[PDB]
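J.: This one's a deposited entry, sequence included:
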Amino acid sequence: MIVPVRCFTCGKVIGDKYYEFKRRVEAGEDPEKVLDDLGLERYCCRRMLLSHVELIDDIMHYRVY
Amino acid sequence: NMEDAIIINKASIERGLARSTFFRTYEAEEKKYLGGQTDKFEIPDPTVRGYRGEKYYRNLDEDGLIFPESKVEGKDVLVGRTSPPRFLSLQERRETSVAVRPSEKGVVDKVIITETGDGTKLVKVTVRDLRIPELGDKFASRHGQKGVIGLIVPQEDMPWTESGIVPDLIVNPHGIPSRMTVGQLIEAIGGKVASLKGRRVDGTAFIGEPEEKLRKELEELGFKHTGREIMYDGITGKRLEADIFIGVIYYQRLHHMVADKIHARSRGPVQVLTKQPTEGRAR
Amino acid sequence: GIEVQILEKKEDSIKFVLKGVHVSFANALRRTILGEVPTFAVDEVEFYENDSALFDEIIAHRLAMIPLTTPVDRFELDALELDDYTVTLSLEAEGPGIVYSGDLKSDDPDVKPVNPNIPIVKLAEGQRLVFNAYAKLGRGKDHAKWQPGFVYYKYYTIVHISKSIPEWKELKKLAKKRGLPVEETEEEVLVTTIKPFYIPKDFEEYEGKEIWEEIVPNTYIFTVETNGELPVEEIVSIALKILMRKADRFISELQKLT
Amino acid sequence: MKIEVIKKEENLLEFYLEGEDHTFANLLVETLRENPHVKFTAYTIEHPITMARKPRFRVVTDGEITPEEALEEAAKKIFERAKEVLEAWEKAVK
Amino acid sequence: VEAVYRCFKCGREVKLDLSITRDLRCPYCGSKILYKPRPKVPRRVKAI
Amino acid sequence: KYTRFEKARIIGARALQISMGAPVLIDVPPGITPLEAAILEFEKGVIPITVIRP
Amino acid sequence: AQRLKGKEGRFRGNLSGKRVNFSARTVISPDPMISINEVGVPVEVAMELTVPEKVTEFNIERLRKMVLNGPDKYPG
Amino acid sequence: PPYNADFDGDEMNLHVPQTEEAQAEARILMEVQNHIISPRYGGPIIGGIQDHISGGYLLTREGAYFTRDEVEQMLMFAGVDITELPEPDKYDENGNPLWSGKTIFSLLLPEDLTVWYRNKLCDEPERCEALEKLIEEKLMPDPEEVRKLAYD
RNA sequence: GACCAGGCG
Ligand SMILES: [Mg+2]
Ligand SMILES: [Zn+2]
Ligand SMILES: [Zn+2]
């Protein structure tokens, strides 16, 4: 649905740095350099951002009251 | 984790891994009978026949419908309905309310009121239940390897690689040679390489990236081409004698949960014809 | 004797070398840091009206995952029975937009979210979300939401490379590129394993006989990082104090047996 | 932490340790193994689910000293080097 | 017994009694489907 | 000398007898289920029942 | 004629095999820490199935203790 | 093995006898330890499986050796009643005593057992012939001579 | 209660 707050394996907080990564990778930058700049060294954390889908935005159209 | 059993980390579960929710819908109708006889939505009086305990009619509004977002246990009543009296009992309405299944639990999610195609009223109620992984739940990859959770381990007891990685899952090496699923190892290497490189890996059948290219890329990135690493024992605190294969593998959670299979009977209803116990978990 | 030296002290991570202790002590310290150090975290949420696209439990879990600051002086963070002081957090949002973690008002100024940029939920037009949250002290061994950070270690080894290998310069250049310290002597090149160093494929033939690893006894390279809840040195000191308190209580209980 | 004695005879002592896990037990037994008057010592967890917090200990000594004083001496040693490590860390961190 | 209800597709409040009402329809929309709104009570949920 | 079928039948008969009022021929620790008492009686060799064999 | 023949007839359907009362069913998981002649039982099932017992002079105390716990505490 | 079960989604049923006669019959006639031998071919049916063989090979192979803490921990974990470690077999550097895998495994066998045969790992049959000859000539060979001519 | 369809070992 929405970006997880913490990496599952090691608990590092990565929930606040998804939008910056998406924007800088849509701006034509090298994804590896962007991930290195953001400070994610262990690949257990890179796996979280590299493979996420924002499915929240296309389910708010249906309201249940 | 012997005989196709798997071991899962606890802290990973506590952080939202493989969490899911279960839904179920109940239906009630205010039917019309031959003549002036009809059903009614109403909180039953203590006088009527078959009147359950007053504890069950706990969170029913005076119109006969349950308030949304209220906790419900087994045998709790969702919609209160009183049928016309059954001819032999005169002047005694029959209680035929709709109740939650005797072995379920959840929270009411939504209530809908509408009218059927011939004028009768109709209500539909849904129940939401949260389910966390436990013992007996079935996990399975896409290469044909299936199993159930055998044990849940605290984080500090799991081994860790010398580069700072803690496994999220443990699989027995005895299950690999007999099934001959080399694609799982290929996928593990490719997934680790893809996660390191920041770009997804193509594996489309006969056109995907060859194995040797992935191994060479993994060697370039700093790790070992065999895919092995050095780990330290989580209890004793010293490294094991052998390098351990480790990677990233896609996994799926099937819908054969243990919470829908447990069943036990001591005494209950019996068949009318043969006076033997009934058939089915549902009854 | 026992001594400690520092190798890197960046903002929220410290790497140091621990020398002169047995493996059991290091593993005990790691486990104590991972499990016993207390921290504030959300434990119960009361909802008044929630019209978002997410159920109550998902929002409660997301709130529980947010790190919180923890004062050091006020409470006893090394006692074996923790206090039950409760801090209440409140929120009220409406209309379109993202409800960031920086919109939480706290009764006690010492307990606030560390990072005010974590999204919580996305709201559409006409929706509302009002609730109250309660936070309390806890331990890592009970739930993963109370963990202060992440700790691991490794042995301290020196890799010897004989100069009889015709292309040792490539290995030396690779070691320099990785960043490991390198000392060169006659007919031998010494590499210090501050970070893991895996031999490439081409040189695997010589490994074992001409490339061998030497392990320095009783030396480990620790690594501690935090999410901002507590400073790292405070974490280490609290863990050591907890170990001492456990030892003292065991001594007393054993003494009263006889 | 409660101590529950199971069997006490001659130089052998065997007891539970309620409210504890691998963290303290492994350190205690490793500290004990350094004593030259301890002939056999070990610990185990009987079941990871039902008894995850009740390690079982066995201490057998030569007979020069009783098991209880050996346990006390071993427990006193941890309190010393832990304090030394704390002092060194607090000196080095600044 | 008067209760509040909300239209399925318009969202605007409809006020009627189910006991004697012979047809269910929003006075604003042709729809015959209605919701039952949530009560105003401080529900308490654990954070585990 | 007993065949295992005879042993099982004898133990079952004695266990049924004890649970109806028959006194126990040996001392037993408290809380013991009647079947265990019958088993203890059998292994102590004091069972009075005998089997007739054609 | 049809009630007496086939795999659902009165002979092979009810007389030879029939549904029983005290039984339970669930999934299995490995456990190597118990001896080979033991089995693990969930506390939910153990509180449903019951074993009748006759009170005697050597088990009156335990039975009286069990009755006091009622049907909702485990030993009861 | 006797159940032919595998932990991948299998289910099993459980029945509880109610009368004392039924309980006695189940206790005396239907015990698990009474069915180790299979009636079809007169051989063991309940035994080791999967890791129970690989671990045994790792323990009893040639060159396996263990330190004091590992030996004490494994013996305590297994449940063996021991209060004194046997004599060490060889000394590592810095004089650390070491015990072999065979010495550890011998602590489980009964005291008066004696048997010999050939297992699946036989590659060169010209080396087992010498051991068979030595056993045949003298019915109780000197343990040093056997240990000098050991073979997997 | 009987039928039909689909799954699990
Ligand atoms: Mg199977
Ligand atoms: Zn991570
Ligand atoms: Zn409308």
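T.: Structure received. Residues are numbered from 1 along each chain as shown, chains lettered A, B, ... in the order given. Ligands and ions are numbered 1, 2, ... in the order given.

J.: which stretches of chain A form helices?
T.: A:18-26, A:31-38, A:43-50 (DSSP state H).

J.: most packed of those helices?
T.: Of the helices of chain A, the one with the most neighbours on average (mean count of other C-beta atoms under 10 Å in any protein chain shown) is helix A:43-50, at a mean of 22. In this view, the C-beta of every residue, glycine as well, is placed from N, C-alpha and C.

J.: Check which helices and strands that one is in contact with.
T.: On a contact count with 3 or more C-beta pairs under 8 Å, 6 or more residues apart in numbering or on different chains; DSSP states H and E, helix A:43-50 meets helix A:31-38, helix B:182-197.

J.: thinking again about what came up before, compare the helices of chain A and give me the one nearest residue H:29.
T.: helix A:43-50 (55.1 Å; C-beta to C-beta).

J.: Return the nearest residue of chain F with respect to chain B.
T.: Nearest residue of chain F to chain B: residue F:33, at 19.8 Å (C-beta to the nearest C-beta).

J.: To residue B:172, which of the helices and strands packed on helix A:43-50 lies closest?
T.: Residue B:172 sits nearest to helix B:182-197 of all the helices and strands packed on helix A:43-50, at 13.0 Å, using C-beta to C-beta.

J.: got the buried residues for that closest one?
T.: B:184-197 (16 or more other C-beta atoms under 10 Å in any protein chain shown).

J.: in chain C, which spans are helices?
T.: Using DSSP H, helices in chain C cover C:23-35, C:56-64, C:168-178, C:232-257.

J.: Need the winner for burial among those helices.
T.: Highest mean neighbour count among those (mean count of other C-beta under 10 Å): helix C:23-35, a mean of 23.

J.: returning to that earlier point: indicate which one of the helices and strands packed on helix A:43-50 is closest to ligand 3.
T.: Ligand 3 lies closest to helix A:31-38 among these, at 48.0 Å (C-beta to the ion).

J.: angle of that closest one against helix B:182-197?
T.: Here helix A:31-38 points in a direction 60 degrees away from that of helix B:182-197 (axes from the mean of the first three to the mean of the last three C-alpha atoms, to 10 degrees).

J.: Tell me what angle helix A:31-38 forms with helix A:18-26.
T.: 140 degrees.

J.: And for helix A:31-38, what's in contact with it?
T.: A:17, A:20-21, A:24-25, A:46, A:49-50, B:197-199 (C-beta atoms under 8 Å, 6 or more residues apart in numbering or on different chains).

J.: quick one: the lengthiest helix in chain F near chain G?
T.: Longest helix in chain F, counting residues (DSSP H): helix F:4-18. Yes - Helix F:4-18 reaches chain G (C-beta under 8 Å from any C-beta of the partner chain) through residue F:18.

J.: Which residue, other than its chain neighbours, is closest to the residue of chain F found nearest chain C?
T.: Scanning chain F for the residue nearest chain C gives residue F:29, at 28.2 Å (criterion: C-beta to the nearest C-beta). Spatial nearest neighbour of residue F:29, excluding adjacent residues (C-beta to C-beta, 6 or more residues apart in numbering or on different chains): residue G:58 at 8.0 Å.

J.: Where does the one you found fall, secondary structure wise?
T.: Residue G:58 belongs to no helix or strand when elements are defined using DSSP states H and E.

J.: My guess is it contacts residue F:31. True?
T.: Yes - between residue G:58 and residue F:31 a contact is recorded at 7.2 Å, counting by C-beta atoms under 8 Å.

J.: burial of residue C:217, as a residue count?
T.: Neighbour count of residue C:217, defined by other C-beta atoms under 10 Å in any protein chain shown: 9.

J.: And it, how far from chain G?
T.: Distance check for residue C:217 against chain G: by C-beta to the nearest C-beta, to the nearest Å, it reads 35 Å.

J.: beta partners for residue B:95?
T.: residue B:82 (DSSP bridges).

J.: Test my guess that it contacts residue B:49.
T.: Yes - shown here, residue B:95 and residue B:49 form a contact pair, counting by C-beta under 8 Å, at 6.6 Å.

J.: What is the three-state secondary structure of residue H:150?
T.: Using DSSP: H, G, I helix; E, B strand; the rest coil, the secondary structure recorded for residue H:150 is coil.

J.: Next: residue B:216.
T.: Once three-state DSSP is applied, residue B:216 turns out helix.

J.: That one: neighbouring residues, count only.
T.: If you count neighbours by other C-beta under 10 Å, residue B:216 ends up with 14.

J.: Excluding chain neighbours, what is closest to it?
T.: Once flanking residues are discounted, residue B:216 sits nearest to residue B:225: 7.2 Å by C-beta to C-beta, 6+ apart.
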